[PDB]
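Think of it as A, B, C, D, E and F in the order they're written, each chain with its own count starting at 1.
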């Protein structure tokens, strides 16, 4: 089973240097050429470069020659990409692959002159809705966090079906996200659901049980 | 007066050389990995300059002017293929730093990721697909010995190195026979022209 | 160096119908006697998955619904049995020359029947009121198609300031859209008015569905 | 005299040029059916080496050169007798001229298009492998002409000097438009 | 030559039980490390079907119930689940020597719980009486096992002359037997006797089932 | 699509010579290997010989050196084994095979001194049963025919279930046979029930409907 786990999301200053660690497992590490690809804002893929692990020989894109450097560590069975002198046109998702089939999980890199803000989640409840139909919607609002991403789940992963995670919106250099799950009217408000919101930039793994209204 | 001595020396040397060629045309073309192979390497390497020297010797003491023309033509084309071999071999050694680039049969190498290392052997049967057979802890690729590889740890990507390009080959389809043997193929993807 | 463009931008293909994606390049990608264009599929939030290696071959584990054709300069990815788990973005890569230029990307979404959104109105929570603000939202549930207008009215007066709309991507199980229409308010603007109207008009119907709420009734 | 050694030098350079052409080509070029080149050069070079060793033994420089020329004459005689024995033993059983290959103990017969094709196979395991690549078939490293994958035989034969071994199509697969792989295994041997 | 005397000759196993056919050899059939021994399955009225190649390998399109390998000079075929559709004969061979000698015979018969024989009389008519000779039968159907003794009780005292008993093979859908007990009489013998009775002694039945036909009531 | 079809059943006199055809189809005929197998008395399988369609390369059994010849006709793709000195031990079934998998239908040859007798079928009736259920057993009996076999079927092969056909019984150099079907009550005697026999040696197609008294 070929797996290529990456490091995780990172926020960096506009002009610093940082390193993505693509850690592999399963195969004989020295011998499969590792290829690094960058996916820009929205949907636009750009090739960064390949590197042989055993030989150490590299090959770079023309636009990325000197912008990023590829290194191999055989003992930890890892590869690294160093990005230097980060600018505003570098906020992108970076993938590592081997035989163009087994890709990486994806590392989201944010480049901004801002700070990490824990989210102020405000769970919204319909007060005196009196919905006769038994698919009443219940949701939570996440306001005031930076940067991406934030993981929101329902009943700590027990409520799998009926989820609706929405893309974030940006205003005043701040991110706002909302969620909504239709629930049967017999459960609400007798049963207890939790809008589990976790922000890896601030480690604010709050449970945030919804208050009925 | 000393013509007989140099005639005997020439006869002895060419009898030894004709013995050395005879154990290369037979006994050496089936067995292409380990046995009867240093003899084949020696013969195939000194084959071109000895032919060039023979045409030079024919041109130095010639018979007719047409003999001079054809001996100069033979010497020129022999020097041309020897120079072309040294240019292609130096290019292949510069692109891939292995001694196996210096063989005179082919200018293409096959690199296989075996056991944490890469094993490089010359590849004469070059095509789109490269086959690989396993003999229960014994693997042969394109009729070449490649160590003692198993089947469950088969490499998923091999490379071939040429003087111009480096061609990657991924394992597309495999079939298992016996307790530990197997046969896999490798088809081309992503030629890289550095 | 290699400029690659894809003629279709967005697709509208139902279940079982032919879907063609054309990725015309400008240089020659053929080495020896094989064209090397890879075809990739990416679901939202996931890395791309390789479908087609050398313009014709198929990935092991990728079903035979996807086919590759074309040679020289013109290339086509073709799907006859378009299934429910198909709405994605498809890419082309040369895999021959040095820069390995990816394609522009074609977004394929499965055409669905027209549906009415289940609009729900949410009063703002007391935590936001203690924090010193307000934010009313509307969670429009599964509808189709994409074009739908949402109006926010404050006691019979329309408000064009602070209205934001966020659309989720199309579902991979039934191809349905959902929307969040939010409106942020301060303390004085929330205390000034009482009746907030969340109007939503969709082209599948004529009369917009009214989900107006009041502070006294909530 | 004088002109005689000039003709000898010209003849030696010419025949070394044909040895040069036949060694670097024919077998390790693309492995087509021009193996008669190596056959005709080997049939020329066996009695040539015999004659040169005999002439060096008749007029020796010393005793060591005489015994070395006698040793290489006996070695060439032994290898010629071994080649004739191993090739005659494979010709009274099979009616194919590919038994006259320089080293061959098996012959692979593959039927397609209504005709069998015989190739001088070097060594087979208990399960041989067919590879079809476009309009071309390669079986145990031998170019078996042009043959489609769908029209591949389910039974091939290999003719050892003491036994006939029948191989049948055990496994098959296809990956290209008409390219594929196949695995043949023994099911019945026939005593000659 | 090669002499094969397989030790079983008639196996009676059930669905879910273990079936094992042990086959032997006179000497070694080894060539190049492989012992050539084929296994065939033949149904009645059908050509043999190849089950097993060189001791271990499987026919393509055959199920994996028959995969007993064996080695040396002991070759066993094992059917571990034993489906209902397996009432056939299994044969050895050797694809090694010159004669290619086959094996003996093993009739594998599926066990099923004991069912009473369906006795149904089939009286003679005027057609074969006008032809010249009458025939009377018992027609015992769907019984278990073959050790059921039929008996004729014509006109009182028993008759044990001119009787032909015919069995059947196992059925491929429900695995039952069938009987045909023919008695051939002349015209004067059929006219001289009236009370034709047929009985069958069986291990399942506590008493013989009596079925009779009389001529004068026709 | 590989199918080998043989000739059919044949009665031969002692000292005669019967030629058995095997018309292969669906494959390139020249290049495989035909192989002949003799089955005697029900459980005795014997080997005869193989023959290459390309050459005349044969290899017979030690008990069939002068009792069998194998021939190949490379115009209609037919193997053409003929037998010599057909004694009383040669009453047997004969099979072609190719790769030990694709077998033939089996040619039955009988060595006897008799005639191809018509089947004297006597379809009789139950006498005053006065009880018809959904599993009522009815039978057709045929006596006095030679040689094997008879293609006994009911109503031209429509009754493919619940039919019990019995093996032939030999007495006085004559063959007796019977068959029974469990018919339902709705198809008897409302529907046409006909027992059909077919003797290929006598070349007859006599079929008779069973009529109750």
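General remarks:
One rule holds in what follows: a contact is a pair of C-beta atoms (placed from the backbone, for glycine too) under 8 Å apart; a residue touches a chain by one contact, two chains touch by 3 or more.
Here B-C and C-D were compared by C-beta pairs in contact; the pair with more is B-C. Computed from the mean C-alpha positions, the centre of subunit D lies at a distance of 58 Å from the centre of subunit E.
If each chain is reduced to the centroid of its CA atoms, subunit B and subunit E end up 68 Å from each other. Spacing of subunit A relative to subunit C, judged by their CA centroids, is 19 angstrom.
Counting partners per residue, subunit F has 59, 100 as the residues that reach two or more other chains.
Contacts with at least two other chains are made by residues 128, 170, 172-173, 187, 189-190, 192, 194 of subunit B. Looking at subunit E, one finds that residues 38, 95, 98, 100 touch two or more other chains. A complete list of chain pairs in contact reads A-B, A-C, B-C, B-D, C-D, D-E, D-F, E-F.
Put simply, subunit D touches subunit B in their complex at residues 3, 5-7, 9-10, 12-13, 16-17, 19-20, 22-24, 27-28, 31, 38, 41-42, 45-46, 48-49, 52-53, 55-56, 59-61, 65, 68-69, 72, 75-76, 79, 83, 102-103, 122-123, 125, 127, 129, 131, 133-134, 138, 141, 170-171, 173, 175-176, 179, 181, 183, 185. Only residues 126, 163, 170, 185-189, 191 of subunit D touch subunit E when the two sit together in their complex.
The touching residues of subunit D, when paired with subunit C in their complex, are 175-177. By the touch rule above, subunit D contacts subunit F in their complex via residues 95, 111-116, 151, 153-155, 157, 166, 168, 187-188, 190. Taken in their complex, subunit F has these residues touching subunit E: 37, 43-47, 59, 61-62, 95, 100-101, 103-106, 120, 122-128, 137, 139, 141, 143, 164, 166-167, 169, 171, 176, 178, 180, 213.
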